[PDB]
Amino acid sequence: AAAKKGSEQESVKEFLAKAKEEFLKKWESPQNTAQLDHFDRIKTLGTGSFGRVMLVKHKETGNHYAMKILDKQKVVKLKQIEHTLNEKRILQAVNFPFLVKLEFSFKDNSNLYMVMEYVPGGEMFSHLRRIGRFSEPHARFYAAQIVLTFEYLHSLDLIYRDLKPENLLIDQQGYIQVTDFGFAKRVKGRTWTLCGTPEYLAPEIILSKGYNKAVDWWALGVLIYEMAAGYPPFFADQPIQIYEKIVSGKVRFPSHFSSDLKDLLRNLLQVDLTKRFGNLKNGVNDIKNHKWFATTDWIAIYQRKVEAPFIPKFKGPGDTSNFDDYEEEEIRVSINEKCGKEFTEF
Amino acid sequence: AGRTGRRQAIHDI
Ligand SMILES: [NH3+]CCc1cccnc1
């Protein structure tokens, strides 16, 4: 068992070295691969502060895609702009089985557009709120995919910075696809932007400290807790109350949590960065070798050989049954170009 | 008692 795991370690190193070579080629040579009237717009699948994600159908091929539309006017704040450029450049350069695939991107007088593969199974968020909580084996299957995805991203010096169930789509085989790279960033050491979602912020973000990829491992602790409990560990009506709970250094667990699960979570939800799993000498291996993951075949997960806990129902291509409904708003393109210079690189 | 619906991320706050 010991020598089997060591060889497994060298093989991870070999994989990550090749993956970095592939990434850098695309990172250095990143535009304008389609236009808006190539697609019929079908239905809004999600909405946020700066725009929306729509199901669209490519007129020529009939293929279905998820199109993220950002209103250039709404993207007005300094870090809102920089973050939009991070998202496009990162998504065009990465390649991993649990990351959504960007197909096209382009811009017009009014909007920016990113067209991605359509993942019809819905958000983990919906499924979790409907059933209440996932059993520990079910949660562990999803957690393992996030562990591998962060091992890949962090090896490329990428921090993700917005892990939560709303951003995890379930595909036709029951596996995860991470989307929304709007907060992802290439970071060789520390970074300083105060950003993310309140319930999932690490203490060092809240305290205005320069921070690193360990914030993603904290957020993994929040996600695993929420998957297994049905609610996150720092839970309050207003963001300021959430922040006080996060910095306190206290977490309480449901009585149905296994002791192995609580042990893992105490080491992920660790305020002391010299002690937080994922941030120590042995890096991600302290997580992958934890007892709660003892039954996890990491290679089998990567190769998608493990039977998923459930498969969402699908009625055909373009089926939107696994998504919630949103108010529809007309997509209007102005006669005058807006913010041409701020988004030159896009 | 906490937030049960979808949660918006904050870009600078
Ligand atoms: N927060 C997830 C938004 C979304 C929905 C459907 C497809 N891609 C993204």
Side-chain angles (χ1 to χ4, degrees), chain A residues 39-48 51-56 58 63-71 75 80 83-84 86-87 90-92 94 96-100 102-105 111-130 142 145-146 149 160-172 174-184 195-200 216 219 222-223 226-227 232 312 317-326 328, chain B residues 3-7 9 11:
Chain A
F39 307 90
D40 287 310
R41 291 177 301 283
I42 297 174
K43 187 173 202 302
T44 295
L45 305 169
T47 63
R52 61 180 58 214
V53 179
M54 302 195 71
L55 178 66
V56 303
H58 189 260
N63 290 330
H64 283 95
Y65 298 97
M67 175 182 289
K68 181 168 180 169
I69 305 169
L70 300 179
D71 184 333
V75 184
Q80 297 170 346
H83 288 173
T84 298
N86 292 335
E87 177 174 18
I90 288 167
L91 280 176
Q92 61 89 32
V94 296
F96 201 68
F98 313 129
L99 297 180
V100 65
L102 180 71
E103 295 258 6
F104 316 97
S105 72
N111 303 311
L112 315 167
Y113 306 86
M114 296 176 275
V115 183
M116 314 165 264
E117 171 177 345
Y118 176 50
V119 180
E123 302 176 358
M124 179 192 292
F125 179 88
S126 293
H127 298 290
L128 179 59
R129 290 290 180 277
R130 180 179 301 112
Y142 294 146
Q145 296 168 63
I146 302 307
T149 300
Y160 177 64
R161 295 199 297 189
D162 197 24
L163 189 67
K164 53 182 173 185
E166 294 87 322
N167 286 353
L168 305 178
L169 311 179
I170 306 306
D171 71 21
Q172 305 97 306
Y175 281 71
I176 287 179
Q177 295 254 294
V178 182
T179 186
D180 198 341
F181 273 68
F183 298 76
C195 59
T197 298
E199 284 88 339
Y200 283 75
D216 278 342
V222 180
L223 181 75
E226 180 169 342
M227 287 190 297
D319 184 7
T320 60
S321 70
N322 292 299
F323 293 90
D324 293 330
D325 293 335
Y326 294 86
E328 300 293 345
Chain B
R3 306 194 296 181
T4 60
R6 289 186 172 84
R7 293 155 295 196
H11 280 275

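For ligands, and for the atoms within them, numbers begin at 1 and follow the listed sequence. Every chain is numbered from 1, with letters handed out A, B, ... down the list of sequences.
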Centroid separation A:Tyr160 to A:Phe181 less than 6.0 Å: yes
Selected option - heavy-atom contact closest to atom 7 (C) of ligand 1, from A:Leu55, A:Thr179, A:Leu169: A:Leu169
I need the atoms of ligand 1 closer than 4.0 Å to a non-hydrogen atom of [X], numbered in the order shown.
X	value
A:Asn167	1 (N)
A:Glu166	1 (N), 2 (C)
A:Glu123	1 (N), 2 (C), 3 (C)
A:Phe323	6 (C)

Parallel, tilted or perpendicular, as decided by the 30° and 60° cut-offs, for the rings of B:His11 and A:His83: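 Tilted: the ring planes of A:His83 and B:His11 meet at 30° to 60°.
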Using 4.0 Å as the upper bound for N to carboxylate O, is an ion pair formed by [Y] and [X]?
X	Y	result
A:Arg129	A:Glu226	yes
A:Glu166	B:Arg7	yes
A:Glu87	A:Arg161	no

